[PDB]
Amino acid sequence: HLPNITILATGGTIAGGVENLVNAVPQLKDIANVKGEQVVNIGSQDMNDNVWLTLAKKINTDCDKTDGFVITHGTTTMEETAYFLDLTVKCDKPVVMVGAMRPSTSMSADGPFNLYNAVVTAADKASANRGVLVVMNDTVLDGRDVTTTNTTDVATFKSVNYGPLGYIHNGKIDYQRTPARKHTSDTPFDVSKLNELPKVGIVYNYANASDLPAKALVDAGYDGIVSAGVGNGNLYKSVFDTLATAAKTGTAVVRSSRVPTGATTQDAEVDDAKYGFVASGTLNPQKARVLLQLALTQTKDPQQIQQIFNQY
């Protein structure tokens, strides 16, 4: 008895649609009984809330019909979707994301072996209860910490603060880590009855930064604003003033950082208590968006949003 693995596709094929895959990568038949569905068909750069909501509901609904899920996803925004699923999926069976940095028609296309390794990962018993995983370049990465570090490299996906969970060699995984932050079925976040998510945008800080992007969001009634701060989540003066005001009138404000590794730490550079801001910790801006969006479905209180940022 081979496990049953479902492949959910969100866009194009990564090994050169969706039931051609066993013909494209025959070696899959030796490790799993694979079924494919095309859930949506969208470029990863146009990824949106509604695809997220659809994916989390499909997985939650089909959890009992299958032994594990592999999701094919483009690489641009993989890190955002993976973290969203890591917080909202209530199946504790393996959920594994995979993509390809080189097109399937290129010489030395990475997608076939990536796909193989993702199925291997989803079929391994040891992969359960680790949260949502990304499998790229022979490495098993957790959905919270994983990000893309290079624009074109096949090795781009890394867990830049806390490292990978395991490495795969000839079909076996050497797991030496598991994430400590709460995920999947240990979260309070439940999207089964939601058709939309709170509105959260992102503004960038840099020298002589304009406050107009932040104003535009505030005027549109955004529920939350994440700042991609400079250094340890600092803000250009004018952006600071716009966001301090917005926080007093009830917009949730999260300080993150444009710096690619390390925590934006609480009350270090900025008195968060006083302005009602939240510090993102190791969550980069786009990940901090995901968590703020979910937090805002439970509460609008900054001090409770801070506690959520400290636990998930």
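Numbers for residues come from their place in the sequence shown, where the first is 1.
- Taking the PDB entry as given, 264-272 carries the higher mean Cα B factor of the two stretches 36-44 and 264-272.
- Higher mean CA temperature factor, per the PDB entry, when comparing 294-302 with 17-25: 17-25.
- Looking only at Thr147, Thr76, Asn234, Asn195, the residue with the top Cα B factor in the deposited structure is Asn195.
- Among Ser106, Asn161, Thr178, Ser238, the highest C-alpha B-factor recorded in the PDB entry belongs to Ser106.
- Ranked against the other modelled residues of its chain, the C-alpha B-factor of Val259 as given in the entry falls in the lowest third.
- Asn50 sits in the middle third of its chain by CA B factor, as recorded in the PDB entry.
- Among all modelled residues in its chain, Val98 ranks in the lowest third by Cα B-factor.
- Ranked against the other modelled residues of its chain, the C-alpha B-factor of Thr242 as given in the entry falls in the highest third.
- Annotation for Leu212: CA B-factor lies in the highest third of the chain's modelled residues.
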